[PDB]
Each structure stands twice: as structure tokens, then as C-alpha cells.
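Working notes, structure below.
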Amino acid sequence: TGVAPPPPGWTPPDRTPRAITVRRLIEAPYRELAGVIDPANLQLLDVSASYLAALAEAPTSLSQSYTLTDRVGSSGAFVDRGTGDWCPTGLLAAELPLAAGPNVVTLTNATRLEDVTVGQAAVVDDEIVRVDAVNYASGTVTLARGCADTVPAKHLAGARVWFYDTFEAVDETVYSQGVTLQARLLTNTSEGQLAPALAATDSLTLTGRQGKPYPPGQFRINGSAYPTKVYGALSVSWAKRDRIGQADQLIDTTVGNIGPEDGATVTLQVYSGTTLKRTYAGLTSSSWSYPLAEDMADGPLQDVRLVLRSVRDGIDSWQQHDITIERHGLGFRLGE
Amino acid sequence: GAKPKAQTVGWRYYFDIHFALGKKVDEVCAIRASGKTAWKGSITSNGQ
Amino acid sequence: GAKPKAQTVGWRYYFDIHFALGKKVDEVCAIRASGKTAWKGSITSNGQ
Amino acid sequence: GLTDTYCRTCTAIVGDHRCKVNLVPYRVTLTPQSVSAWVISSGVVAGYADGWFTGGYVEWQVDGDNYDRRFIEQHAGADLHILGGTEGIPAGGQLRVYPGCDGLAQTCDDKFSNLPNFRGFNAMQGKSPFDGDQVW
Ligand SMILES: [Fe+3]
């Protein structure tokens, strides 16, 4: 015959669950525990308590959710901990400079951008930010830098942004700091569940993120934020943050003092670029000036490294500020 | 422990279907599903 | 009070049905239900 | 009077008022080399790919302005197969031969570039209802 029969049949859907390619593990900060745990149980929680959470991206539109499997250490049998939904995420088209306050950033390859809502908590790399505005069509959002227990940091193009707020899979079991876990994420579809053998593995080391005190907030030097130019006298201003008072509220660095925490102080380290020269601890004020006594002893420090952190009962904050500033004025940089 | 941060009570399903109503038609007036008037109107040219 | 020790979210139903496909048959190849291939193969003798 | 089916093929005879394809450029005028009981052979068509003329018809002038038409079962090399036999075909008369369309979208566009007028439905849906049992 001449005519031939073409393929068209039913074209069955290709469910065939795949393993998750994009994912991440994190430690839940005090912000979520404050708003998800009742005060009676929360107050009894020790400073060393830690909680685990995971985030993932849907590999195909035919997958609804994924299952969480984890175990303690590198040995033992995985115990099912629950299922979670997909976390909206995107890629930064341009670098995010170190600057406090709102910043406009364009996102590429954004997923589930429609479901994002203002006021949510977003985490990238190791910085937690708050969304101020959203543009559905162009994927441009405004992010508040240095929020909760994080500080601004350089993020190269291609960094992944996760809007974990209300989109995270949480294991209710409490784990102490220093324990290493191995967990896997199994995709779930109407055709069934992904076989564990094909699931990627990962490990995380707990650090008691909720236990550590928040670092200082508004970090302004001589009235400027992260300045490379200071004319002589050195003035550094910092804000006092109390985790208990803030509770679930996201407060950025631009906000003023919110009071201190019981037994929480501020410690500052002074370096000569590589070497440690002076160290001031027990600071309770909102500003500090380099005493004139050590100016001649250390002499002119054109390259000065400023390190700021909060410590209570010998517990240092997970993150800290660190920048090398350049001094100008009389006696400073008269080679020009 | 306590009320979960969020609960997945249901799923929203999205489908894209292409269908034909037969030969050339002049005007589409309304769409009715399950006894409820989903949309009523009139269109006479290709459009959204 | 708190999360129950266990929650009964659904039931699993088991049924034992005897049916006939007609007169003598030579080979059964596959079983399809709701558009999904439950089982595919070939059997030519009485067995499990 | 149905004249309508939701199948993959074109569902239109090449050259009809629905295909809107002009066959005059594709007209080939030739004198057959040899005529047999069921096969008419010509070397000119031997230069075309196999199956080029399949589905076409041969028309030639009988008397005045009236022509008699015959369909082609198959075309292979230099030999043409005529449905119902070659009886009545003049051995030296001038013959006009037109090609034929298989009806596949690839065939329709690659050969005739008439895809915009393609009346077939290749990949819109084969069975998918919106009132079935399980979408997956
Ligand atoms: Fe055609």
C-alpha cells in the first residue's frame, strides 16, 4: 500500500519520578521556633538545642511533594520524618553588593514566583533577607539586607535564593550541636514514590544556630555605612539586638536599638591587617572610639580591619562583621 | 508538638487542553459547567 | 493536647474476587487499569 | 454528508478546494515508452524519487475538450502501476501526469509547502478527555 499509519496513540504521561537536583539543608534560627513553639515549652529549651530543615525544587510539574528521610551519623536506618512542599527559588542575574537597606535585584530562572508574598523570610548562602516588593512579570524584587541573625556579604552572580518561609520540611526531633546527619529527599508522584537508591545524599554539621546571640545591627562608621574614607577621628556605631524581644519579627540593620539581652555584651577585635593588636570586650555602649593612648604605640594604621561580634557566657555569634578600611587625614596618606 | 507552620489541605490542578467545537462557528455565547454559569458574553473574532 | 501517637489517615481495602474471561484462552499479556500499566508479561500455564 | 474526521492525516484530496494547491506547475507532459496490460513505463519519470507520483492521476485528451482520468496505484522507478488496468490508453498519445499527496504533515509541507492549509490534526489529542478517571 501507499499510505502509512502515523504514531498518534494516547501519548501516556511520563511521570517516572526523578531524583531532586536542586536542594539544600539549613538550621532553623530562633525566629521560626519563636513563632511555631509555645512559650511554655520554648522557655525550657536549652541554649544548645538545634533543629533541622530542608528545601527542594520540583524537578517536574508532575511531582506534588517529596518525602524527608534522615539518620544520625553515617550508620543506621533512615526514619521517615514527613513530607514538604517545593520552595520557590531563583538565580541572581547580577552581583549583590555589600550594602544595608533595600536593594533591587533581578532574578533569572525563577520558579513559583507567583506564590511569593511580601514580608516572607528569604535565605541566600548564609544571609537571611526580607522581601519588600515583587514584580511578577520581570522577576525583580527588593530585598532587605542583614536581617534576623545574619549580616550582609558578597554574593556572586548565580547564587541561589530560597524563600523558605512557609515552604520548608522540618524534622520535629531535637538534635544536639556537633552531630552530623545524613538525609535524602524522595520525590512523590501519583505513580508512586522514588526508590531510595536513586536519591542524592548530603551531610550537615549542627552548630546551635538558635543558641548563639544575634550580632550587632546598624553598623555605621563616622556616619557612613561600610566607608573606605574616614577623615581622622574614628567613630563606630553598633546596635544591640535581643533575640527574645524580636521573636518572629524581621528587623534589618537600618532600625535603631531594640534593647540588649540579659547577660549579652559586645566584643570588638582590632587587627593590623593580619596580626591582632588590641581587643576590647564587655562593651555595653552603642559607640566606641580608639583611645589616644594606643595611637602612638601602634602608630598610624592606614589599613585597619574592624571585627564586630556579640558574645554572652563565652558564646560567639555565628556570623560577624569584617572589613578593611582606609584612613585619611593629617598624618595619614601624605605620600600623596 | 504544635500546629505546623503550614498544612497542605489540597492541591490546585492546572491543565492546558486544545479542543475543537466542529466546523466554522460564528459566535460563542456562554460556558456552563455543573449547572453553574462560569462565563457569559459574546466574541466574534479570534482573541482572548 | 499534643500530636496523637498515630493518626488514621486512610484505610487499605483487600478483596478476593473470582472472575472468568470467557472460553479457553491461550495467553494473558498485560493488565491495564486507569490508563496505567499495572503488569506486563506472559503466562502460558496455570500458575501464580 | 459527514465529510469530517478528527484523524492525523490531511483528510483532503490533493488539489481540492480545501487544499488550495495549484497542480499546474507540477503537470508533466510525456509520451509513454512502453505500455503493458497493467504497467505503463516511461524513462522521464525514472528521474524522480520512488513514490513521487503515488496517489496522482493520469489525464489525456480523448476527443475535443474532454479528457479521461485514471488513478495511479503506485509509482516505482520508471514503471507506473495503473488501477484497473491500462486498457483504453493510447500507446502514442500525449499523456498528462500529476503527482499525489500522501497526506502527512511532513509530506504536505516538505513537498508542497502547504502546511498553513493542512487540514489534518497531527498532535492535538488522540484520546485525552477532561472527564476521564486518572490524569496520570
Ligand atoms: Fe495536502
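Identifiers for the C-alpha cells are assigned positionally: chains receive A, B, ... in sequence, residues are indexed from 1 per chain, and ligands are indexed from 1 in the order shown.
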
Expected selection as a ChimeraX atom specification for ligand 1 within 7 Å, only C-alpha atoms and all ligand atoms: /D:10,12-14,19,101,103,108,114,118

Same residues, N, CA, C and O atoms, saved as a PDB file, in the first residue's frame:
```
ATOM      1  N   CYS D  10      -4.279  14.277   6.414  1.00  0.00           N
ATOM      2  CA  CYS D  10      -4.821  15.537   5.912  1.00  0.00           C
ATOM      3  C   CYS D  10      -6.338  15.488   5.797  1.00  0.00           C
ATOM      4  O   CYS D  10      -7.025  16.458   6.140  1.00  0.00           O
ATOM      5  N   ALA D  12      -7.900  15.374   2.959  1.00  0.00           N
ATOM      6  CA  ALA D  12      -8.216  16.229   1.823  1.00  0.00           C
ATOM      7  C   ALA D  12      -7.499  15.696   0.594  1.00  0.00           C
ATOM      8  O   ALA D  12      -6.307  15.381   0.658  1.00  0.00           O
ATOM      9  N   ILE D  13      -8.224  15.594  -0.514  1.00  0.00           N
ATOM     10  CA  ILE D  13      -7.638  15.145  -1.770  1.00  0.00           C
ATOM     11  C   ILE D  13      -6.788  16.271  -2.341  1.00  0.00           C
ATOM     12  O   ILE D  13      -7.244  17.415  -2.449  1.00  0.00           O
ATOM     13  N   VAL D  14      -5.545  15.949  -2.702  1.00  0.00           N
ATOM     14  CA  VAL D  14      -4.640  16.961  -3.229  1.00  0.00           C
ATOM     15  C   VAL D  14      -5.312  17.685  -4.382  1.00  0.00           C
ATOM     16  O   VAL D  14      -5.840  17.060  -5.306  1.00  0.00           O
ATOM     17  N   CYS D  19      -7.536  22.067  -0.080  1.00  0.00           N
ATOM     18  CA  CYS D  19      -6.078  22.102  -0.064  1.00  0.00           C
ATOM     19  C   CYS D  19      -5.543  23.397  -0.659  1.00  0.00           C
ATOM     20  O   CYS D  19      -4.510  23.904  -0.210  1.00  0.00           O
ATOM     21  N   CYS D 101      -0.396  13.428  -3.120  1.00  0.00           N
ATOM     22  CA  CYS D 101      -0.048  13.795  -1.753  1.00  0.00           C
ATOM     23  C   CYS D 101      -0.395  12.650  -0.812  1.00  0.00           C
ATOM     24  O   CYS D 101      -1.524  12.148  -0.825  1.00  0.00           O
ATOM     25  N   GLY D 103      -0.608  12.903   2.415  1.00  0.00           N
ATOM     26  CA  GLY D 103      -1.483  13.448   3.432  1.00  0.00           C
ATOM     27  C   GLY D 103      -0.812  13.740   4.757  1.00  0.00           C
ATOM     28  O   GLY D 103      -1.420  14.406   5.603  1.00  0.00           O
ATOM     29  N   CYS D 108       3.153  17.089   3.400  1.00  0.00           N
ATOM     30  CA  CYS D 108       2.450  18.255   2.880  1.00  0.00           C
ATOM     31  C   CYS D 108       3.368  19.468   2.791  1.00  0.00           C
ATOM     32  O   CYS D 108       3.340  20.199   1.794  1.00  0.00           O
ATOM     33  N   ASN D 114       2.422  23.566   1.890  1.00  0.00           N
ATOM     34  CA  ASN D 114       1.036  23.954   2.111  1.00  0.00           C
ATOM     35  C   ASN D 114       0.607  23.697   3.553  1.00  0.00           C
ATOM     36  O   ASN D 114      -0.577  23.479   3.827  1.00  0.00           O
ATOM     37  N   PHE D 118      -2.966  22.832   5.888  1.00  0.00           N
ATOM     38  CA  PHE D 118      -3.069  21.448   6.329  1.00  0.00           C
ATOM     39  C   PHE D 118      -4.334  21.254   7.153  1.00  0.00           C
ATOM     40  O   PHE D 118      -4.504  21.882   8.203  1.00  0.00           O
TER      41      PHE D 118
END
```

message: Would you pick out the contacts of residue 33 (chain A) at 9 Å or less, using only C-alpha atoms, so that residues sharing its chain but fewer than 4 positions from it are not included, and give the list as number ranges by chain?
response: A: 28-29, 37-38, 42, 51, 210, 247-248

task: Restrict the distance test to only C-alpha atoms, flag each residue of chain B within 10 Å of chain D, and return the flagged residues as number ranges by chain.
output: B: 15, 17-20, 22-23

May I have all residues of region 117-296 of chain A that DSSP, computed from the backbone, assigns to alpha helix (DSSP H), given as a tab-separated table (two decimals) with N, CA, C and O atoms, in the first residue's frame?
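Contents of selection-v2.tsv, freshly written:
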```
chain	number	residue	atom	x	y	z
A	243	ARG	N	17.35	38.60	70.92
A	243	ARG	CA	16.57	37.63	70.16
A	243	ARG	C	15.20	37.42	70.77
A	243	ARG	O	14.20	37.30	70.05
A	244	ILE	N	15.11	37.38	72.11
A	244	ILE	CA	13.84	37.07	72.76
A	244	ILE	C	12.82	38.16	72.46
A	244	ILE	O	11.65	37.86	72.15
A	245	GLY	N	13.22	39.42	72.55
A	245	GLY	CA	12.29	40.50	72.30
A	245	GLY	C	11.79	40.53	70.86
A	245	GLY	O	10.60	40.73	70.61
A	246	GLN	N	12.70	40.32	69.90
A	246	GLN	CA	12.30	40.36	68.50
A	246	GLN	C	11.31	39.25	68.17
A	246	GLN	O	10.34	39.48	67.44
A	293	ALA	N	45.71	56.70	73.69
A	293	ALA	CA	46.89	56.11	74.30
A	293	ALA	C	47.60	55.15	73.35
A	293	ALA	O	48.83	55.15	73.26
A	294	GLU	N	46.84	54.34	72.62
A	294	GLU	CA	47.42	53.33	71.75
A	294	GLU	C	47.73	53.85	70.35
A	294	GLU	O	48.33	53.12	69.56
A	295	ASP	N	47.33	55.08	70.03
A	295	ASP	CA	47.59	55.60	68.69
A	295	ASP	C	49.08	55.69	68.40
A	295	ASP	O	49.53	55.29	67.32
A	296	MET	N	49.86	56.21	69.35
A	296	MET	CA	51.30	56.31	69.14
A	296	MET	C	51.96	54.94	69.24
A	296	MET	O	52.89	54.63	68.48
```

- request: Could you jot down the CA of residue 10 (chain C) to CA of residue 18 (chain A) separation for me, Å, one decimal place?
  value: 26.4 Å

Dump as JSON lines the rows for residues of chain B within 9 Å of chain A: closest atom pair and distance in Å with one decimal, only C-alpha atoms counted, ordered by chain and rising residue number.
```
{"residue": "B:1", "atom": "CA", "partner": "A:172", "partner_atom": "CA", "distance": 7.6}
{"residue": "B:2", "atom": "CA", "partner": "A:37", "partner_atom": "CA", "distance": 6.4}
{"residue": "B:3", "atom": "CA", "partner": "A:36", "partner_atom": "CA", "distance": 7.1}
{"residue": "B:4", "atom": "CA", "partner": "A:36", "partner_atom": "CA", "distance": 7.2}
{"residue": "B:5", "atom": "CA", "partner": "A:166", "partner_atom": "CA", "distance": 6.1}
{"residue": "B:6", "atom": "CA", "partner": "A:166", "partner_atom": "CA", "distance": 6.0}
{"residue": "B:8", "atom": "CA", "partner": "A:85", "partner_atom": "CA", "distance": 8.1}
{"residue": "B:11", "atom": "CA", "partner": "A:64", "partner_atom": "CA", "distance": 8.2}
```

- request: Mind checking which residues fall within 8 Å of region 181-185 of chain A, counting only C-alpha atoms, ignoring those fewer than 6 positions away in the same chain, and posting them as a list in words?
  value: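 Selected residues are residues 20, 66, 67, 68, 69, 70, 71, 72, 73, 74, 78, 196, 199, 200, 201, 202, 203, 204 and 205 of chain A.
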
- prompt: Skipping near chain neighbours, those fewer than 4 positions away, what residues fall within 9 Å of residue 106 (chain D) using only C-alpha atoms, listed as a list in words?
  reply: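 The filter keeps residues 110, 111 and 115 of chain D.
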
For the residues selected in the previous step, produce a file with N, CA and C atoms as a short mmCIF file (atom, residue, chain, number, x, y, z; two decimals), in the first residue's frame.
```
data_model
loop_
_atom_site.label_atom_id
_atom_site.label_comp_id
_atom_site.auth_asym_id
_atom_site.auth_seq_id
_atom_site.Cartn_x
_atom_site.Cartn_y
_atom_site.Cartn_z
N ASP D 110 7.01 19.64 3.26
CA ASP D 110 8.30 19.50 2.60
C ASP D 110 8.16 19.53 1.09
N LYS D 111 7.14 18.87 0.55
CA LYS D 111 6.95 18.80 -0.89
C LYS D 111 6.21 20.01 -1.44
N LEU D 115 1.56 23.72 4.48
CA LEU D 115 1.24 23.45 5.88
C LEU D 115 0.16 24.37 6.43
#
```

At a cut-off of 10 Å, can you tabulate as CSV every residue of chain A near chain D together with its closest atom pair and the distance in Å to one decimal, using only C-alpha atoms and ordering rows by chain then number?
```
residue,atom,partner,partner_atom,distance
A:1,CA,D:74,CA,8.0
A:2,CA,D:74,CA,6.9
A:3,CA,D:102,CA,6.3
A:4,CA,D:102,CA,8.4
A:5,CA,D:9,CA,8.7
A:6,CA,D:8,CA,7.3
A:7,CA,D:8,CA,8.9
A:8,CA,D:126,CA,6.3
A:9,CA,D:126,CA,5.7
A:10,CA,D:126,CA,5.3
A:11,CA,D:126,CA,7.7
A:12,CA,D:136,CA,8.0
A:13,CA,D:136,CA,6.2
A:14,CA,D:136,CA,8.4
A:15,CA,D:136,CA,7.2
A:62,CA,D:136,CA,8.4
A:189,CA,D:136,CA,9.1
A:190,CA,D:136,CA,6.7
A:191,CA,D:136,CA,7.2
```

field: Residue neighbourhood region 98-113 of chain A, 6 Å, only C-alpha atoms, exclusion window fewer than 2 positions, as a PyMOL selection string
entry: chain A and resi 88-93+115-116+139-145+152-154

message: Can you pull out the residues contacting residue 56 (chain D)? Cut-off 8 Å, using only C-alpha atoms, and skip same-chain residues under 6 positions away; I want them as a list in words.
response: residues 71, 72, 97, 98, 99, 100 and 101 of chain D

Please, could you write that set of residues out with C-alpha atoms as a PDB file, in the first residue's frame?
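Output contents, as saved in again-v4.pdb:
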```pdb
ATOM      1  CA  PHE D  71      -5.632   6.986 -10.838  1.00  0.00           C
ATOM      2  CA  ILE D  72      -2.213   5.515 -10.030  1.00  0.00           C
ATOM      3  CA  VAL D  97       0.529  13.060 -15.201  1.00  0.00           C
ATOM      4  CA  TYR D  98       0.085  14.829 -11.858  1.00  0.00           C
ATOM      5  CA  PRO D  99       1.728  13.914  -8.525  1.00  0.00           C
ATOM      6  CA  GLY D 100      -0.038  12.722  -5.387  1.00  0.00           C
ATOM      7  CA  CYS D 101      -0.048  13.795  -1.753  1.00  0.00           C
TER       8      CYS D 101
END
```

task: Have a look at CA of residue 58 (chain A) and CA of residue 114 (chain A) and let me know their distance in Å, one decimal.
output: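 Answer for the CA of residue 58 (chain A) to CA of residue 114 (chain A) separation: 15.1 Å.
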
Could you find all residues in chain C that DSSP calls strand (DSSP E or B) from the backbone, and write them as a PDB file with N, CA and C atoms, in the first residue's frame?
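Result written to states33.pdb:
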```pdb
ATOM      1  N   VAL C  28      -2.192 -14.631  28.505  1.00  0.00           N
ATOM      2  CA  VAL C  28      -2.559 -13.325  29.043  1.00  0.00           C
ATOM      3  C   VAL C  28      -1.295 -12.478  29.085  1.00  0.00           C
ATOM      4  N   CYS C  29      -1.340 -11.314  28.438  1.00  0.00           N
ATOM      5  CA  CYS C  29      -0.151 -10.498  28.235  1.00  0.00           C
ATOM      6  C   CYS C  29       0.015  -9.398  29.276  1.00  0.00           C
ATOM      7  N   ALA C  30      -1.029  -8.620  29.550  1.00  0.00           N
ATOM      8  CA  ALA C  30      -0.880  -7.464  30.425  1.00  0.00           C
ATOM      9  C   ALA C  30      -2.220  -7.113  31.046  1.00  0.00           C
ATOM     10  N   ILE C  31      -2.156  -6.317  32.111  1.00  0.00           N
ATOM     11  CA  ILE C  31      -3.331  -5.779  32.786  1.00  0.00           C
ATOM     12  C   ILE C  31      -3.167  -4.271  32.883  1.00  0.00           C
ATOM     13  N   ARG C  32      -4.186  -3.535  32.443  1.00  0.00           N
ATOM     14  CA  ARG C  32      -4.161  -2.078  32.442  1.00  0.00           C
ATOM     15  C   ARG C  32      -5.371  -1.562  33.203  1.00  0.00           C
ATOM     16  N   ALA C  33      -5.138  -0.623  34.117  1.00  0.00           N
ATOM     17  CA  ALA C  33      -6.204  -0.036  34.919  1.00  0.00           C
ATOM     18  C   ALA C  33      -5.982   1.463  35.031  1.00  0.00           C
ATOM     19  N   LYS C  36      -2.884   3.157  33.445  1.00  0.00           N
ATOM     20  CA  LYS C  36      -1.542   2.856  33.925  1.00  0.00           C
ATOM     21  C   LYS C  36      -1.288   1.361  33.805  1.00  0.00           C
ATOM     22  N   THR C  37      -0.130   1.003  33.255  1.00  0.00           N
ATOM     23  CA  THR C  37       0.233  -0.397  33.051  1.00  0.00           C
ATOM     24  C   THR C  37       0.590  -1.014  34.397  1.00  0.00           C
ATOM     25  N   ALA C  38      -0.337  -1.793  34.958  1.00  0.00           N
ATOM     26  CA  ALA C  38      -0.088  -2.414  36.256  1.00  0.00           C
ATOM     27  C   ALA C  38       0.891  -3.575  36.138  1.00  0.00           C
ATOM     28  N   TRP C  39       0.736  -4.408  35.112  1.00  0.00           N
ATOM     29  CA  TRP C  39       1.589  -5.575  34.942  1.00  0.00           C
ATOM     30  C   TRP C  39       1.673  -5.920  33.463  1.00  0.00           C
ATOM     31  N   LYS C  40       2.868  -6.301  33.020  1.00  0.00           N
ATOM     32  CA  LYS C  40       3.098  -6.724  31.647  1.00  0.00           C
ATOM     33  C   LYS C  40       3.967  -7.969  31.656  1.00  0.00           C
ATOM     34  N   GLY C  41       3.630  -8.924  30.795  1.00  0.00           N
ATOM     35  CA  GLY C  41       4.390 -10.163  30.736  1.00  0.00           C
ATOM     36  C   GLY C  41       3.704 -11.189  29.863  1.00  0.00           C
ATOM     37  N   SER C  42       3.846 -12.455  30.257  1.00  0.00           N
ATOM     38  CA  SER C  42       3.253 -13.551  29.502  1.00  0.00           C
ATOM     39  C   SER C  42       3.256 -14.841  30.312  1.00  0.00           C
ATOM     40  N   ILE C  43       2.102 -15.495  30.402  1.00  0.00           N
ATOM     41  CA  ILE C  43       1.969 -16.783  31.071  1.00  0.00           C
ATOM     42  C   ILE C  43       1.167 -17.711  30.172  1.00  0.00           C
TER      43      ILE C  43
END
```

message: For a test of reading the model, state the distance in Å between CA of residue 255 (chain A) and CA of residue 224 (chain A), rounded to one decimal.
response: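 Pair CA of residue 255 (chain A) / CA of residue 224 (chain A) returns 14.9 Å.
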
- request: Extract, using only C-alpha atoms, all DNA, RNA and protein residues at most 12 Å from residue 270 (chain A), discarding same-chain residues fewer than 2 positions from it, and format them as a list in words.
  value: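 What passes the distance filter is residues 267, 268, 272, 273, 274, 275, 276, 277, 278, 279, 280, 281, 288, 289, 290, 294, 298, 301, 303, 304, 305, 306, 307, 308, 309, 322, 323, 324 and 325 of chain A.
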